[PDB]
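Here's a solo chain for you in structure tokens, the form solved without the ligand.
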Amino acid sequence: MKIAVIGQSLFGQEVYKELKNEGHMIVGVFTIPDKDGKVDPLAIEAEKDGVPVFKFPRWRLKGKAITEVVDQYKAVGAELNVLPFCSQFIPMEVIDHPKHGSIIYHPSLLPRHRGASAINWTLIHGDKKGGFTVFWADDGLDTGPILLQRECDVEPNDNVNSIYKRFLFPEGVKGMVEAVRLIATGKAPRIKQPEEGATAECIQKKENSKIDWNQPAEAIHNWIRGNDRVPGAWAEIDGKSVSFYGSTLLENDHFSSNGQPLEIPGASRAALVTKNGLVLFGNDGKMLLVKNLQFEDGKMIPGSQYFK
């Protein structure tokens, strides 16, 4: 069928590539403008194939759809919109235009974790199960009826990168391909999202990923891994913003060490720089271990190497 891919990232690129390879006609790719002279992976592949690329800065202006860009969109004659990691606001005029409307990839088990940082919140909340949903876009945010859903276990030390690389990305690509298959072959369902279990959270940015120290060790562990790598949980240390990566919980066989104390403003007590990384305390007397630290615009350095 005729598909417009509206989105970005290597995930968007892979979904484009697999749909193409399944015999679908990609009539257009609609992605973000160039930033720092880097073209989005989705745009790179499309161009290589001669598929038309569009890079709208915005689809809307003062609460009204920009007719000139909507018209460019409508001209490619999509029969279905596919939205992998679309970071743009898409007018309902566009969402509803194709005969099959639009499907969206969402990296959580809807109705839980609506919002653009669902992977982060899956981990921040310490969920035991995670996964993704392919759903039909409606006018709300991640509220449309479910086409399909796939689950995975969340590992205790999973960060955003590990669960994304292990499951959400490669199975997510397959799920999108399968969803289009079901649509083409005419049997895709529209399961209304249940009310029970619905949650919605905010977008994670550097600013709001600052560590709140007045939590138990386990919650701090979840906070750090839930923002690792991006945007990077951080705290001020010695006047400067330090980001934390590679968290594990630490309970026992202590205090071997001997650690070198590191004051962290707001921490329940001083941290310990040790051979195995940076030991941090929660407000419950318990410990976590951070393997890697990063300063602003910085390369990562091992927690063990803080004073060197």
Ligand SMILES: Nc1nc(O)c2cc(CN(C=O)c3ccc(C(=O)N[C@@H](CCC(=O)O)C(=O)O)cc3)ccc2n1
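Start at 1 with the first residue shown and count on from there.
Absent from the display: the form solved in complex with the ligand. The rest refers to it.
Given the ligand in the deposited complex, answer whether the residues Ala271, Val273 and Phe307 all have a heavy atom inside 4.5 Å of it. Looking in the deposited complex, the three residues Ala271, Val273 and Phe307 all stay beyond 4.5 Å of the ligand (heavy atoms).
Contacting member of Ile237, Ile124, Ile95, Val76, with respect to the ligand in the deposited complex [4.5 Å, heavy atom]: Residue within 4.5 Å of the partner: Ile95.
Only one of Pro156, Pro170, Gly115, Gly101 comes within 4.5 Å of the ligand in the deposited complex by heavy atoms, so just point that one out. When the ligand is considered in the deposited complex, the option within 4.5 Å is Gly115.
With the ligand left out here, work out from 209 to 217, 132 to 140, 228 to 236, 160 to 168 which stretch has heavy atoms within 4.5 Å of it in the deposited complex. Of the stretches listed, the one contacting the partner is 132 to 140.
Considering non-hydrogen atoms and a 4.5 Å limit, does the ligand approach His254 in the deposited complex? No, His254 stays farther than 4.5 Å from the ligand in the deposited complex.
Proximity of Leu83 to the ligand in the deposited complex, heavy atoms at 4.5 Å: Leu83 belongs to the contact set for the ligand.
So in the deposited complex, does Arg60 come within 4.5 Å of the ligand, heavy atom to heavy atom? Heavy-atom contact with the ligand at 4.5 Å: present for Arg60.
Does any heavy atom of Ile183 come within 4.5 Å of a heavy atom of the ligand in the deposited complex? Flag for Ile183 set to no.
Using a 4.5 Å cut-off on any heavy atom, which residues of 72 to 93 would contact the ligand in the deposited complex? Contacting residues: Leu83, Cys86, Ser87, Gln88, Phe89, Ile90, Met92.
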